[PDB]
Amino acid sequence: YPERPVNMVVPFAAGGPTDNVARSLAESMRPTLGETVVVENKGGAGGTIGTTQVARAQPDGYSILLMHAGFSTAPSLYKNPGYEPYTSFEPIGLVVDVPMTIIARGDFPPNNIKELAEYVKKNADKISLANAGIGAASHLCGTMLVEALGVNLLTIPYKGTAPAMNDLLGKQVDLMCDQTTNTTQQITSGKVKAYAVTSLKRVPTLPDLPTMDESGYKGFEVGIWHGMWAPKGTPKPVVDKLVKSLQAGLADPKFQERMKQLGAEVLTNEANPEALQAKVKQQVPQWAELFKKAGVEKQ
Ligand SMILES: N[C@@H](CC(=O)O)C(=O)O
């Protein structure tokens with residue numbers, strides 16, 4: 001192992017934030033894996049369809065999952081998300097931690113986060129919020145945003161924030177929370193309005209955006225960690241090979257440069273099964289409590 005290419009499933013549309021991470025990582029893992037990694041995009045239901053696909057795939061090491069913190073929210077959002085977060089997989093390791101930006105279409109009237117809150121409260125019924133479906137990173141942040149503002153908004157789900165971004169750029173949807181691996185490009189060129197970040201400290205590549213925390217939203221912190229998993233029952237030597245390849249992929253300079261430019265923190269020393277298992281163990285109950293408090297129930 002591996003004696004043929006390894007398929008890496010990204011549960012979202014090509015060209016978006018997780019796809020960007022996946023394609024860079026696929027390249028960086030190659031020298032150590034000793035085979036090419038082929039990215040497959042499988043969007044739908046906030047990432048649960050793609051996650052489920054890998055959960056049900058042959059445990060031979062030729063199907064692996066690259067998925068983000070939505071892996072941990074979906075079990076509190078769906079009566080049956082299609083997988084069991086603690087047992088459906090053999091965890092390989094953590095990958096990156098990506099902050100989010102609150103953005104709007106380029107001609108959205110407010111120019112800052114204070115004015116945004118005021119505008120959304122006053123004009124709520126005229127405003128659409130985009131996300132990548134229940135279970136997505138943009139869904140989690142969007143939920144937190146409308147809760148913090150005390151509003152209910154028309155909410156439009158997409159198979160990823162790549163198609164959502166298309167509509168935002170096209171002025172077909174108004175407001176979105178999305179990861180810097182997808183938004184940096186559009187923010188720095190001035191193509192979208194940018195209001196705030198969801199990190200505890202400012203994003204150094206986007207230094208003029210205040211955190212939500214410093215903007216008055218105490219504890220409004222969202223970091224979209226990403227993990228890599230194989231299906232339950234994948235042989236230990238195969239998991240071992242995947243761990244070694246992931247570690248080498250994260251330690252690679254080209255990968256790290258691209259991640260740095262996109263505002264992603266590389267979790268270089270946390271690319272091991274135990275770290276990912278611990279992350280999932282902590283995160284599922286954390287988001288469960290958040291949704292419970294927001295009155296957001298399983299469906
Ligand atoms: N990470 C997703 C977007 C999201 O979950 O909000 C994507 O790659 O499209």
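Take the residues in segment 113-130 that are touching a residue at least 40 places away in the same chain (Cβ under 8 Å) and of a type in the set (A, V, I, L, M), then tell me which one is nearest to the ligand (Cβ to nearest atom). Filtering first and then ranking leaves 130. Based on what the data block shows, is residue 20 in contact (Cβ under 8 Å) with a residue 60 or more places away in the chain, on the phi < 0 side of the Ramachandran plot and outside the structural domain of residue 279 (by CATH)? Considered against the rule, which asks whether it is in contact (Cβ under 8 Å) with a residue 60 or more places away in the chain, on the phi < 0 side of the Ramachandran plot and outside the structural domain of residue 279 (by CATH), residue 20 comes out as no.
With the structure loaded, tell me whether residue 163 is surrounded by fewer than 22 Cβ atoms within 10 Å (Cβ to Cβ) and within 16 Å of the ligand (Cβ to nearest atom) or whether it fails that test. Considered against the rule, which asks whether it is surrounded by fewer than 22 Cβ atoms within 10 Å (Cβ to Cβ) and within 16 Å of the ligand (Cβ to nearest atom), residue 163 comes out as yes.
The condition (being within 24 Å of residue 264 (Cβ to Cβ) and either in contact with a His (Cβ under 9 Å, 6 or more places away or on another chain) or part of a loop (DSSP other than H, G, I, E, B) (or both)) is satisfied by just one residue among 173, 96: 96. Taken over segment 35-81, the criterion of being free of Cβ contacts under 8 Å to residues at least 60 places away in the same chain and not in a strand (DSSP E or B) is satisfied by 35, 36, 42, 49, 50, 51, 52, 53, 80, 81. Please determine, by comparing only the residues of segment 132-153 that are under 23 Å from residue 191 (Cβ atoms) and without any contact (Cβ under 8 Å) to a residue 60 or more places away in the chain, which one is surrounded by the most Cβ atoms within 10 Å (Cβ to Cβ). Across segment 132-153, the extreme among qualifying residues is 138.
Yes or no: residue 133 at positive phi, of a type outside the set (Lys, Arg) and within 13 Å of the ligand (Cβ to nearest atom)?
Numbers: at positive phi: yes; of a type outside the set (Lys, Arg): yes; within 13 Å of the ligand (Cβ to nearest atom): yes.
For residue 133, the condition - at positive phi, of a type outside the set (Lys, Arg) and within 13 Å of the ligand (Cβ to nearest atom) - is met.
The residues listed here are 9, 54, 37, 98; of these, the one that is within 11 Å of the ligand (Cβ to nearest atom), of a type outside the set (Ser, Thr, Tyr) and either touching a helix residue (DSSP H, G or I) at 6+ places or on another chain (Cβ under 7 Å) or farther than 22 Å from residue 181 by Cα (or both) is 98. The residues of segment 12-34 that are near the ligand (Cβ under 9 Å from one of its atoms), assigned to a helix (DSSP H, G or I) and not charged (D, E, K, R), listed by number, are 17, 18, 20, 21, 22. The residues of segment 217-232 that are away from the ligand (no atom under 16 Å from the Cβ) and either in a strand (DSSP E or B) or closer than 17 Å to residue 51 by Cβ (or both), listed by number, are 230, 231, 232. In the set (1) surrounded by fewer than 16 Cβ atoms within 10 Å (Cβ to Cβ); (2) of a type in the set (A, V, I, L, M, F, W, C); (3) free of Cβ contacts under 8 Å to residues at least 60 places away in the same chain, residue 169 fails one condition alone, (3).
What helices (runs of 4 or more DSSP H) completely inside segment 233-299 contain at least 2 residues that are of a type in the set (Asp, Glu)?
Working: elements: 236-250, 253-261, 273-293.
Helices (runs of 4 or more DSSP H) meeting the threshold: 273-293.
Which residue is surrounded by the most Cβ atoms within 10 Å (Cβ to Cβ), if the candidates are limited to segment 181-198 and must be in contact with a helix residue (DSSP H, G or I) (Cβ under 9 Å, 6 or more places away or on another chain) and assigned to a loop (DSSP other than H, G, I, E, B)? Step by step, filter segment 181-198, then rank; the result is 198.
Here Cβ is always computed from backbone atoms with ideal geometry, including for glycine, and neighbour counts include all displayed protein chains. All of this is worked out from the model, or read from it or from the source named; no laboratory read-out is quoted.
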